[PDB]
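These notes concern the structure reproduced below.
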Amino acid sequence: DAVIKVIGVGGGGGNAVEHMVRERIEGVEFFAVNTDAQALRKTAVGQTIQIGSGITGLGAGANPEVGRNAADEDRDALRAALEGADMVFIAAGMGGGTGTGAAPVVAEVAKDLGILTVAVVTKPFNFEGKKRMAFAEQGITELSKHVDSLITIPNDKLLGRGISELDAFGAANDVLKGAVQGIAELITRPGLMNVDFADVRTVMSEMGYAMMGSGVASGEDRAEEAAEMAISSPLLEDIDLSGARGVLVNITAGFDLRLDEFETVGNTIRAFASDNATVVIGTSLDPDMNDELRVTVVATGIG
Ligand SMILES: Nc1nc2c(ncn2[C@@H]2O[C@H](COP(=O)(O)OP(=O)(O)O)[C@@H](O)[C@H]2O)c(=O)[nH]1
Numbered sequence: 194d195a196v197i198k199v200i201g202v203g204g205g206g207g208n209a210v211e212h213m214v215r216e217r218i219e220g221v222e223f224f225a226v227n228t229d230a231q232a233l234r235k236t237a238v239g240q241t242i243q244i245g246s247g248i249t250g251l252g253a254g255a256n257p258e259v260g261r262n263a264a265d266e267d268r269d270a271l272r273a274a275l276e277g278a279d280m281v282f283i284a285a286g287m288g289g290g291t292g293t294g295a296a297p298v299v300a301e302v303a304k305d306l307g308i309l310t311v312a313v314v315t316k317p318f319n320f321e322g323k324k325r326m327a328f329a330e331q332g333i334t335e336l337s338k339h340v341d342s343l344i345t346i347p348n349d350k351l352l353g354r355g356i357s358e359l360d361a362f363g364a365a366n367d368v369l370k371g372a373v374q375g376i377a378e379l380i381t382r383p384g385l386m387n388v389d390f391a392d393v394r395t396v397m398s399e400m401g402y403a404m405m406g407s408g409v410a411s412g413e414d415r416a417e418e419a420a421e422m423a424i425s426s427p428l429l430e431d432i433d434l435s436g437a438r439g440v441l442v443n444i445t446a447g448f449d450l451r452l453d454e455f456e457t458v459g460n461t462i463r464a465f466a467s468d469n470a471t472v473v474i475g476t477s478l479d480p481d482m483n484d485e486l487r488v489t490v491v492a493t494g495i496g
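Take the sequence shown: its position 49, counting from 1, is numbered 242 in this note's numbering, and each next residue is one higher.
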């Protein structure tokens, strides 16, 4: 079976991976990497990796340098946790000290082991201030040198009263989960048209920027409607699919998913994509879905 590891780095990334643990992603192994020993005690994520001593200067933990130095000190533990994976996902909320600085170290450890590495990260809300935004962008520059594909979700693009801080980050958590689940479950729980992992590697390895959209529909034309909804999703509104060197598509549904629906989704995606590129369409089986069919589209090698 495939070995797929999902690593939440820092507080924001740990929170996103905790959401993935609660909502489930089939067949993946979850890890939390953090300088914050208290966060590692509290997390429901089953495997934790302490980086650095866990002993803090006041406000020192906000510098990405602290997260970078901590991860570098514990590169042996990172390597030992990642060794043997077929794919690694790195989730982080960029802008703090630990995610921003440690996530590129985790990514490079995986890259140097030869593991297909995909990062799905957020940028801070503008209200968090320019300093955090500058830290985040510098961290994304560094992360981009060490990953195969990078999906960057600006919190400002996703999102009132009754909206708590917990609720505000829940929106990001759902998108990060959708990207990880959409890619991984093609491998860990295939449906009638099983994707070949070499096709996943083809569209994700050393590709650069990527972006995800998703849609879901029920009824007679569910396949068309879900695919069209994914292409028209707010995250892909600015990305022409025919500018993507790769396109990965996950159709998720129950036992009733039909070959004609696979063909229809493929026709729709190929209508919008280019043909000087590589397209990969796979399926996942979710036995608890009745009526509904979800389409997740990951455009890779955009720029
Ligand atoms: N998804 C998510 N993002 C968060 C959360 N808390 C903060 N963030 C975002 O992630 C960034 C860094 O988070 P923080 O906990 O301060 O530092 P970290 O330990 O390096 O992750 C922040 O600037 C926020 O944009 C959270 O609970 N969930």
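Just so it is clear, CB atoms sit at the ideal spot from N, CA and C, and this is done for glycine as well.
Residue i versus residue j: straight-line alpha-carbon distance, rounded
i: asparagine 460; j: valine 491; result: 16 Å
i: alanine 278; j: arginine 268; result: 16 Å
i: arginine 487; j: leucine 309; result: 25 Å
i: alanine 284; j: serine 411; result: 31 Å
i: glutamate 413; j: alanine 419; result: 11 Å
i: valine 238; j: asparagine 208; result: 10 Å
i: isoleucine 200; j: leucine 271; result: 10 Å
i: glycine 436; j: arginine 234; result: 44 Å
i: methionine 422; j: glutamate 485; result: 13 Å
i: residue 556; j: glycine 204; result: The chain is shown only over 194 to 496; residue 556 falls outside these bounds and no answer can be derived.
i: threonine 489; j: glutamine 231; result: 35 Å
i: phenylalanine 282; j: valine 311; result: 5 Å
i: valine 409; j: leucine 429; result: 15 Å
i: residue 138; j: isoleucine 495; result: Here the chain has residues from 194 to 496 only, and residue 138 is not among them.
i: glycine 247; j: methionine 326; result: 25 Å
i: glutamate 454; j: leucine 434; result: 21 Å
i: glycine 260; j: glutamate 266; result: 10 Å
i: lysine 316; j: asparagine 387; result: 34 Å
i: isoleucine 462; j: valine 440; result: 9 Å
i: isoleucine 344; j: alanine 391; result: 20 Å
i: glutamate 258; j: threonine 395; result: 34 Å
Closest Cα partner of residue i within the set the options
i: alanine 416; options: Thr445, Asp389, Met400; result: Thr445
i: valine 442; options: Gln231, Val393, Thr241; result: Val393
i: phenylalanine 328; options: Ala300, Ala312, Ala296, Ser357; result: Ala296
i: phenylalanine 362; options: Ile197, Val196, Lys198, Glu211; result: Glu211
i: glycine 406; options: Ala391, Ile424, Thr395; result: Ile424
i: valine 298; options: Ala263, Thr315, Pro317, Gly288; result: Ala263
i: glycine 375; options: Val196, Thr236, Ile218; result: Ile218
i: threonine 334; options: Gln243, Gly288, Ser357, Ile197; result: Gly288
i: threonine 476; options: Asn483, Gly447, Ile495; result: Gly447
i: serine 426; options: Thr249, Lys350, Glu456; result: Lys350
i: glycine 245; options: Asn387, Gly206, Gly290, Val281; result: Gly290
i: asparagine 348; options: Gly355, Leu336, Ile356, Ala364; result: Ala364
i: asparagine 256; options: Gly292, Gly401, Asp481, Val440; result: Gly292
i: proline 480; options: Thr493, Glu456, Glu454, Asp449; result: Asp449
i: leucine 478; options: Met213, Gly220, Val202; result: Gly220
i: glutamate 399; options: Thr493, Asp431, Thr457, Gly254; result: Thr493
i: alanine 274; options: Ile242, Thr395, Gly294; result: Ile242
i: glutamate 222; options: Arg354, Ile197, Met213; result: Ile197
i: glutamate 276; options: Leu336, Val202, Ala300, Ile380; result: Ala300
Burial state of residue i (16 or more Cβ within 10 Å)
i: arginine 451; result: exposed
i: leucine 359; result: exposed
i: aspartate 194; result: exposed
i: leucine 251; result: exposed
i: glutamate 378; result: buried
i: residue 500; result: Past the boundaries of the shown model lies residue 500; the chain is included only from 194 to 496, so the question cannot be answered.
i: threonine 236; result: buried
i: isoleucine 346; result: buried
i: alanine 403; result: buried
Okay, do the region 294-314 and the region 329-340 touch, 3+ Cβ pairs below 8 Å being the bar? yes
Decide yes or no for the touch test of the region 222-229 against the region 320-330: beta carbon pairs closer than 8 Å, at least 3 of them. no
Closer than 8 Å is the cut-off here; do at least three beta carbon pairs connect the region 369-376 with the region 461-473? no
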